[PDB]
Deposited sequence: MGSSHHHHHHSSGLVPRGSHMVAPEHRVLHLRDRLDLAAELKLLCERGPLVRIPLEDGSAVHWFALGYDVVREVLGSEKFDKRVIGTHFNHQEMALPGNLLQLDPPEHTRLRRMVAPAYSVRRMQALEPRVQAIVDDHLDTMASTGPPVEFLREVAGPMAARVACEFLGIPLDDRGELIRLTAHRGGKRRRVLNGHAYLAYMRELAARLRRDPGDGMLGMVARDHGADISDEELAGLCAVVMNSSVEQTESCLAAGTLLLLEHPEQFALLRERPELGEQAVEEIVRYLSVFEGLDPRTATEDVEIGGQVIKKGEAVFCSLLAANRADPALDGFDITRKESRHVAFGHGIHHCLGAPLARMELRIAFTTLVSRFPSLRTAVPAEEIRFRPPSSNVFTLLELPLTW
């Protein structure tokens, strides 16, 4: 059952490739009977069907509560708003790549470039007081010490209650400003803090993971690294190809079937939880090619729970990847590829442990 997260490096491990040969939807009895959705069309079905089920945490919410919170937050990612945010993100990307260059090579790209960049973009998008960003990261990070995590939770909730009061009086820009503007007392400080914390934490983890592993992925295809510098209009396609190839969100939470459904010839009884492997559906048809048009992938999910931050993620990844490849043509890894350590299969996102880069 751990096979869904076994990888070579960025590539599918052999055991997972043998499993995907066994059709795009397999049943597996353990203890209970689980299901693996491994195909693009099969994963779309099990996510787009109304026959499955799973504060401020949209991903663990279900209708009608999921609808109530998704409605208030969704217009924050509008096409016009993301376009208005581009020059700010571009300046943020340029600054971090200035720090990267001035500090000089080598650089630990993940914690010194990618992480700070993702969190700075996420905080400008949220409308967080721009210099309380470090404090909100620190108070909501998952660094252990359960008493400390509870105390940090108490301190962050107190800050958010003061910020929500300030915002509900006279709001401002950012997702938090709009949610406080269009909705007052319709959303609580708890839900406001939950939405904000999901953005600057797990969403930042995925963004920084795409930035780091995406950089490595471009580095290991140098002709496409140069091609993106040569034809920067390929950025949108390159990002769609990168997120498809990386699949940092490898597997999804189980979609327990509320009815007895037959996606294919195999019957799924009510209660047989089906696990979506976006990594398999994206990588089992395949090579990296940023010139591909109309990328066919499920890297941002599907159905009512499809990624709410995909507009910002795509936007930020395009600006970062295209700016990076043109600013560092001689960019390379500072260590041999074998020394590149990847997170052990832990079911919660896929990422590098670190990315030593030089130029």
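In sequence order, the deposited residues that have no C-alpha coordinates form the ranges 1 to 25, 56 to 58, 83 to 96, 328 to 330.
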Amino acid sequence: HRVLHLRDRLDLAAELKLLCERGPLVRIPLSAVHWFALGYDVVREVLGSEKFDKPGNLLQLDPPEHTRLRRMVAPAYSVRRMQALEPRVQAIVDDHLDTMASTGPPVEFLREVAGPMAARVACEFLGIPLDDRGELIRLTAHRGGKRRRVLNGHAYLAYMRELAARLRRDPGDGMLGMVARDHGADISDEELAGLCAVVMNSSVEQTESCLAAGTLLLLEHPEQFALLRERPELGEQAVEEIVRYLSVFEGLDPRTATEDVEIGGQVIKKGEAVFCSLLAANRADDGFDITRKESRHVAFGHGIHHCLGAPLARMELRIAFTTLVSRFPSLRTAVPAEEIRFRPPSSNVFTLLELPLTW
From here on, numbers count along this sequence of modelled residues.
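Of the two segments, 319 to 327 and 302 to 310, the one listed with the higher mean B-factor is 302 to 310 (C-alpha atoms only).
Mean CA temperature factor is higher for 134 to 142 when stretches 103 to 111 and 134 to 142 are set side by side in the entry.
Considering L97, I242, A273, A122 together, the PDB entry gives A273 the largest C-alpha B factor.
The entry lists C-alpha B-factors for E223, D173, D289, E230, and the highest of these is at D173.
For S277, the recorded CA B-factor ranks within the middle third of the chain. Only modelled residues enter the ranking.
In the deposited entry, the Cα temperature factor of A334 sits in the bottom third of values across the chain's modelled residues. The deposited CA B-factor of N201 belongs to the middle third of values across its chain. Per the PDB record, residue ranking by Cα B-factor puts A284 in the highest third of the chain. In this PDB entry, the Cα temperature factor of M160 sits in the middle third of its chain's modelled residues.
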